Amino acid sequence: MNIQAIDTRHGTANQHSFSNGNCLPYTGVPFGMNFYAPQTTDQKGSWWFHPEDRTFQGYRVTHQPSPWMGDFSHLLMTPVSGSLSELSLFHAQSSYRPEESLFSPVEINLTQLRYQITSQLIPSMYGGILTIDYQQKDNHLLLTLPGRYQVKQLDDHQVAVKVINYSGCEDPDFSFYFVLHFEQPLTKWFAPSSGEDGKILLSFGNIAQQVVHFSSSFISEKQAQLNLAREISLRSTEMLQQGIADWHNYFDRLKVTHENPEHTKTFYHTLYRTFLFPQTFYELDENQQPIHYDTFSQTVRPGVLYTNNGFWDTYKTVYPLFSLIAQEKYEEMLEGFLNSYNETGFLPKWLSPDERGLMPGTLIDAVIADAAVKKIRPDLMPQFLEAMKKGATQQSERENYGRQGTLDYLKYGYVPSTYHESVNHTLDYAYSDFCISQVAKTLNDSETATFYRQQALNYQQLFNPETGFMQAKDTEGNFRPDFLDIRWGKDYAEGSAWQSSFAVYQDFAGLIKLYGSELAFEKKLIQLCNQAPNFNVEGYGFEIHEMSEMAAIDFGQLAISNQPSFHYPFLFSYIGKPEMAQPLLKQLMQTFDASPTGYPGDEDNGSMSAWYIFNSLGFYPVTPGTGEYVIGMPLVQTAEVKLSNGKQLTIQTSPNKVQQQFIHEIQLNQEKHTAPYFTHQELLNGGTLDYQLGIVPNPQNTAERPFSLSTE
């Protein structure tokens, strides 16, 4: 699909109480350092855009990855004509018509009805161009500068701004520089000033059109001017063409068709949202070398850095996808993450712009392990192993970094029930341990490998044979009494025991053994899927959106609206019965579309989009760190995959209509494939993957299973 046909309002109809993606309409280039979105309201906190709002407050320069994290280093540009009562966003707002506007990744175009202004914003990596067509005779641009700001006029065509605003940051004076060059000169000059929450009305007189070239920096005003200088001569049309070419660079790597063109539309909307995050967080100095801002020591340093990523979300799907089709990006991102470690002492958990510390676990370990076993950045692996071992053995004194309860985990073999969400912490630590072991193995560090492989079995500590669930345990080794399977919160993050008890990616065969047999585990999975989506709120004391999103649909406890349940259909592969979940997977894929309500829950920076992409192709990374993709059920009819190693995988399916709900047979390069997973190595060979599909199952009864520690 052409990038210009993507509508960025996809996934944008949301509120605090209910998510259909919690996406913003981000205009930007792939991994752009800034994104751009219309703001429709300032009265709803982080929910500052809604596609049904008919009010326009301004173009917002944003770094907001999610409404839960908030923004950093934002400002707004609002074209205005005539004179203003006061300069607040409310006093300057205009209505506009959503249905007459353009919202695409490479272009916003809209008319402010109050002022008779049509404007067009085209992005670039570090800046963009705003063209403003005025019908009236006294024409301006209002800059809204939240937080502490400075502004000065460099000359009659140029204004430099600095703003300090964020939701959380290690640098209390975290600065963003923004420079605007105007084709038509300012007709009122101003002196340097600074303050808080600035509103600066720039005047241009009676011109018919203004063209604003803008750029930005986290380094300095001078770096912002250098960023600008490198594109100051582009016309808007040329910048648009480059932006389209930038997106096509990624889109061309996955050319797919479907029986139903609505599915193709959905695919490409999710693909747009797969190449946004993590955002570029470095610039190119005068010698074209990477530099970035280090918020921890408050200094400019050489090297790459990336931001806006919670690994708890993104390790599941985003990086494994990059491992196939965007390895050059993966390579540079890993370098950035190592720089984060060098600068702060711990591998990052949630960058926005720096360590925010949210969510259980250190799932960056899975991003690293997956890269290691796939031979991505083998040169960095010795340093990563040291960083991971530090995270597993030292308690940070700063509460946002590393594992919480590191020492208790080592003392007891689990995080005890005195900690919040101790089940998630324990299971995440045990999986991390596995990831450390894998990195060690790739480096032939046998002693490390052995120790961490053993640690990775710590999930067994929280398994209660009485209930068949993971439960929190006190320091004397007793399970909390009064357990209820559907009770959310307290011991579990954003779920009940049903959404938390299967986070054992490293060792499903071992988890199965705790239930007693494959059959006992099968019965648990059937019960998970085939019950009503009941929930109890006692761990929170009220209903949260994740509960509502599960209860909005009839898919049992399989809460596809949130990351913990993403792998659930694949659990049937671990008992050799993937045919049981093939219809399920096709059904789950129908909960996604390209509309404002198009996702089942929070999209989370590529996380849910990449779930959709993998499942569309028919395979899924259940265990980052093994180099395997467990086979599911494809939605495409054809796909050409441009792999990073220069080869091509062609996927072809027999007719793939609504009634096709099973895999009949798979041939990889003309050889019958019966294993319930592919290896990364197999797929990287390229060639042809043919799925013959069925209207009834064709059980293979394979003795093969995807990777588990206890059977390797």
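Residue numbers run from 1 along the displayed sequence.
- [ ] Look over 669-677 and 656-664 in the entry and identify the one with the greater average Cα temperature factor.
- [x] Between 669-677 and 656-664, it is 669-677.
On average, which has the higher Cα B-factor in the deposited entry, 405-413 or 75-83? Per the PDB entry, the higher value belongs to 405-413.
- [ ] Between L525, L635, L588, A191, let me know which has the highest C-alpha B-factor in the entry?
- [x] Going by the entry's C-alpha B-factors, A191 comes out highest.
In this PDB entry, which of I613, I117, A387, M580 has the top CA B-factor? Highest CA B-factor of the listed options: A387.
Notebook entry, point to check: What third of its chain's C-alpha B-factors does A703 belong to: lowest, middle or highest?
Noted result: For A703, whose C-alpha B-factor we compare with every modelled residue in the chain, the answer is the highest third.
Query raised in the report: Lowest, middle or highest third: where is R487 by Cα B-factor in its chain?
Result: Answer is middle: the recorded C-alpha B-factor places it there.
Point to revise | Ranked against its chain, the third holding the CA B-factor of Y419 | key: As the PDB entry reports it, the C-alpha B-factor of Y419 lands in the highest third of its chain.
Check your understanding: In terms of the CA temperature factor given in the entry, to which third of its chain does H263 belong: lowest, middle or highest?
Key -> Answer is lowest: the recorded C-alpha B-factor places it there.
### Task
Could you tell me which third, lowest, middle or highest, the C-alpha B-factor of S644 occupies within its chain?
It falls in the top third of the chain.
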